[PDB]
2 protein chains.
Amino acid sequence: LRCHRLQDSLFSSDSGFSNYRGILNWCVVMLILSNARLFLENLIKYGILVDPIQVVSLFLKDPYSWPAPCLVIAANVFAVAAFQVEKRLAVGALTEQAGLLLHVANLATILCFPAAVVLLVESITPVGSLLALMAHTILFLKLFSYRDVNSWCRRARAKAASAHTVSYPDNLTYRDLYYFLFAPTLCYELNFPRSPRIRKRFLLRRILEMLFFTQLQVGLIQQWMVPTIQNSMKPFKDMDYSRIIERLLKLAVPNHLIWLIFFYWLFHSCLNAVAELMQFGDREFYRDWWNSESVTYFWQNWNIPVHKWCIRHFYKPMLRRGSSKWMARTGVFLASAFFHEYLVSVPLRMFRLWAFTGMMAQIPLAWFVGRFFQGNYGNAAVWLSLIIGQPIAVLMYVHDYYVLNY
Amino acid sequence: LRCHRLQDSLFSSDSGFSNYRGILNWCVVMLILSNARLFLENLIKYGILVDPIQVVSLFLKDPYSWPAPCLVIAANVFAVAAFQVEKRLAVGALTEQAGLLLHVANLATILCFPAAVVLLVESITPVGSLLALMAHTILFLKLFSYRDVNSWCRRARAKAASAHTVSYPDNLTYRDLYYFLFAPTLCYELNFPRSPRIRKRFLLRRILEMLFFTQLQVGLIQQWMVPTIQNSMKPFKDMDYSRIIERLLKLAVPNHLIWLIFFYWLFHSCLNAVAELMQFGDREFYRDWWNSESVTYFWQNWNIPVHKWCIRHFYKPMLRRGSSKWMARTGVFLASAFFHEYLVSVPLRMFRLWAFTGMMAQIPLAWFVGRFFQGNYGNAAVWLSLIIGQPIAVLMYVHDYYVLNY
Ligand SMILES: O=C(O)C[C@H]1CC[C@@H](c2ccc(-c3ccc4nc(C(=O)NCc5ccc(OC(F)(F)F)cc5)cn4c3)cc2)CC1
Ligand SMILES: O=C(O)C[C@H]1CC[C@H](c2ccc(-c3ccc4nc(C(=O)NCc5ccc(OC(F)(F)F)cc5)cn4c3)cc2)CC1
């Protein structure tokens with residue numbers, strides 16, 4: 001009979017096959033084959049140490065010598081302040097405007113305090129400073145959501161006053177609040193879907209992933225990105241467009257690989273290990289941002305938590321409390337650009353305003369890729385927009401900081 | 001409301017997402033970025049020549065100086081002989097056993113003749129010899145199917161004698177036969193599903209793919225695989241197991257990449273370009289052989305044409321004309337191993353019997369991977385079975401030929 005149907009080839013541009021889970025297994029197996037010996041050497045070297053005990057002892061025996069963990073611990077006072085304000089206005093005190101302005105004061109403090117500290121203290125490491133600011137902005141967003149959720153459910157109980165799952169007031173416990181603090185998400189919500197058990201094997205796999213990709217990224221930086229700069233240690237702040245782009249074209253690809261490894265090490269390994277140590281269940285940290293035939297589809301699927309935050313605490317409100325979805329989304333990108341700048345500049349005491357420029361230029365870039373390319377061609381366009389794109393801004397900052405110091 | 005469903009992460013081992021078409025676009029864009037300048041230089045150098053005209057002139061002005069195209073042209077006599085036998089026994093001459101033994105003689109000739117020529121003529125290049133043998137084995141399989149299909153439809157017309165689409169006898173035309181000869185498939189069938197038009201853009205894309213990957217593979221060989229041998233030019237025929245494996249571990253990865261590029265350049269670019277020059281429509285040359293959580297699933301999806309051939313001319317018959325599916329599939333692997341050996345050894349006048357050994361050891365390897373691993377773990381096991389696996393046999397042969405001559 002007819003043993004020749006009229007069809008089209010899999011890889012072909014328009015078959016619509018899309019079942020390539022097994023290309024990634026190839027990437028995994030090649031990475032293992034190509035770095036396994038080195039990783040085993042580095043593990044049998046470093047991992048035999050007593051890292052947790054020695055670090056906690058060396059810290060506790062003399063604090064104030066690392067102001068970054070000092071600051072990370074100091075964030076607890078803002079956490080507790082927000083908890084206390086909520087619990088006070090839970091019974092009826094602090095008429096709603098009072099609680100609102102107390103929350104606003106607390107949040108503005110959470111922002112302006114660690115920045116002021118890292119700016120007016122020289123004995124702090126830029127990596128520790130970045131981690132401190134990261135913790136503080138995560139706390140800012142988490143507490144913003146805490147306030148909004150508690151306000152919503154309180155006004156719901158108020159309207160009901162005109163007449164297993166946890167109800168409104170009985171949730172305000174220290175354990176609940178801290179659990180929300182350390183949970184891999186930015187959207188507060190009672191009754192977080194817990195996971196049944198711990199799955200020690202899964203946990204171990206994720207820790208191994210973290211260690212592996214950490215060592216691999218150290219290797220990438222040391223052996224591919226640093227020498228390319230050491231060959232000409234001259235900052236960008238003084239170069240001209242020609243030399244800037246001539247250097248960036250040589251720096252791009254390794255930067256992009258480092259960025260991909262940041263993603264996989266943080267958004268899938270770290271967060272999963274955390275959510276496993278403390279059964280959290282949800283674990284939708286990212287959608288298929290890769291096969292994204294647009295930019296507005298890339299942002300809606302890279303870093304899910306931040307997306308659903310910007311949506312249900314910053315986009316939907318400014319639509320119900322306003323109009324002009326264009327204005328709203330531009331506000332989203334504006335706030336995110338400010339946050340990027342606050343995140344990268346302040347730890348390095350630079351203000352070149354570059355990351356802001358990149359996040360903002362995303363908008364014309366988005367319209368460009370939307371008007372011109374389509375399909376897999378559009379996906380390639382987005383990949384280009386990622387290789388040179390945004391993650392080159394952080395690279396420019398780190399470049400002009402490294403050449404100026406080493 | 002509930003904005004936290006209980007789900008699992010995409011990359012995670014058991015979500016079952018599998019929509020990674022866009023990882024491959026990343027591979028494409030990275031390859032372009034990393035080889036585009038070099039490819040444009042090599043194109044602006046070589047492609048300006050007059051390759052077709054000059055080659056046809058230099059051949060036609062003095063034949064017998066390249067016996068490989070001589071032999072490729074000589075295959076036409078076997079093609080015409082099979083055509084003639086079919087047309088004669090179409091009217092009634094050559095009682096079925098006569099036609100059968102004439103076909104058997106013709107096929108045995110198609111096999112034993114080019115081998116004898118390339119074995120008893122020293123002025124032939126090993127690459128040209130390989131191409132000649134490839135053409136002859138393709139012709140062998142195509143004519144085997146031609147015979148079987150014509151026999152089936154003839155006996156169908158015979159049973160009907162006891163009482164738009166093309167019927168049985170009106171197909172035996174030179175144009176039809178030659179069209180089947182040059183069509184990217186091994187299963188003869190009247191009324192091949194034609195494609196509407198030519199799609200010049202598609203054609204150009206495929207030719208560019210061929211040229212690109214050709215230059216890229218030349219680069220791979222010259223700059224990664226050759227020097228690794230030139231550092232120690234000693235044949236395997238004399239080494240010991242230790243040194244053999246010590247060299248193979250260093251040769252494996254580049255070999256595997258060369259093999260992948262063979263696949264993509266031949267099974268998707270070359271065949272598609274051909275089937276486009278001559279609207280053929282079908283274009284199912286391969287199924288998803290990568291994400292293949294087994295070996296028996298890898299073979300059933302790598303090189304579709306050969307699979308459906310072995311099935312509906314060599315497996316199904318030996319099941320209806322026999323039993324013991326185990327015996328049948330072992331016969332399939334035995335014949336394929338003989339064909340591999342005939343294909344690689346004879347052009348190099350070696351007989352180390354290695355490729356046969358690899359194709360045969362696939363069987364215990366298949367049972368191994370089937371019993372032990374599962375899921376993505378099984379897929380990784382198969383990838384390993386491909387990296388060291390079978391495509392190392394051809395590498396051993398080419399190694400022991402190259403060290404002995406250069
Ligand atoms: O039904 C059930 O459930 C059972 C099922 C069981 C198993 C199944 C079965 C088993 C084996 C094979 C089979 C074996 C060997 C083999 N080799 C090729 C091949 O790709 N050749 C390499 C090559 C290299 C170079 C080249 O180009 C150039 F020019 F370089 F030479 C062209 C090709 C394709 N094969 C297919 C098929 C099917 C039967 C039924
Ligand atoms: O779809 C409609 O309905 C229309 C409309 C709706 C709204 C939508 C939208 C949503 C979100 C964003 C947006 C913006 C910025 C942003 N940045 C992050 C991010 O993850 N990258 C920074 C980073 C994080 C961690 C990190 O780790 C460490 F530790 F190194 F710091 C390093 C860097 C996530 N973002 C998300 C923008 C727009 C647009 C469409």
# chains A, B, ... in the order shown; residues from 1 in each chain; ligands from 1
call {"tool": "interface_residues", "arguments": {"of": "chain A", "to": "chain B", "cutoff": "9 Å", "atoms": "only C-alpha atoms", "output": "count of residues only"}}
result
58
call {"tool": "residues_near_ligand", "arguments": {"ligand": "ligand 2", "cutoff": "9 Å", "atoms": "only C-alpha atoms and all ligand atoms", "output": "ChimeraX atom specification"}}
result
/A:130-131,133-135,262-263,266-267,295-311,314-316,325-326,328-330,332-337,339-340,343-344,359,391
call {"tool": "residues_around", "arguments": {"residues": "residue 227 (chain B)", "least_positions_apart": "6", "cutoff": "12 Å", "atoms": "only C-alpha atoms", "output": "list in words"}}
result
residues 219, 220, 221, 233, 250, 251, 254, 399, 402 and 403 of chain B
call {"tool": "residues_around", "arguments": {"residues": "residue 113 (chain B)", "least_positions_apart": "4", "cutoff": "12 Å", "atoms": "only C-alpha atoms", "output": "ChimeraX atom specification"}}
result
/B:71-72,74-75,77-78,105-109,117-120,132-133,136-137,140
call {"tool": "atom_distance", "arguments": {"atom1": "atom 22 (C, counted along the ligand's line) of ligand 1", "atom2": "CA of residue 390 (chain B)"}}
result
9.7 Å
call {"tool": "select_by_dssp", "arguments": {"residues": "region 58-289 of chain B", "states": "alpha helix (DSSP H)", "output": "JSON, numbers by chain"}}
result
{"B": [58, 59, 60, 67, 68, 69, 70, 71, 72, 73, 74, 75, 76, 77, 78, 79, 80, 81, 82, 83, 84, 85, 86, 87, 88, 89, 90, 91, 96, 97, 98, 99, 100, 101, 102, 103, 104, 105, 106, 107, 108, 109, 110, 111, 112, 113, 114, 115, 116, 117, 118, 119, 126, 127, 128, 129, 130, 131, 132, 133, 134, 135, 136, 137, 138, 139, 140, 141, 142, 143, 144, 145, 146, 147, 148, 149, 150, 151, 152, 153, 154, 155, 156, 157, 158, 159, 160, 174, 175, 176, 177, 178, 179, 180, 181, 200, 201, 202, 203, 204, 205, 206, 207, 208, 209, 210, 211, 212, 213, 214, 215, 216, 217, 218, 219, 220, 226, 227, 228, 229, 230, 241, 242, 243, 244, 245, 246, 247, 248, 249, 250, 251, 252, 253, 254, 255, 256, 257, 258, 259, 260, 261, 262, 263, 271, 272, 273, 274, 275, 276, 277]}
call {"tool": "closest_residue", "arguments": {"among": "B:81, B:270, B:216, B:388", "to": "ligand 1", "atoms": "only C-alpha atoms and all ligand atoms"}}
result
B:270
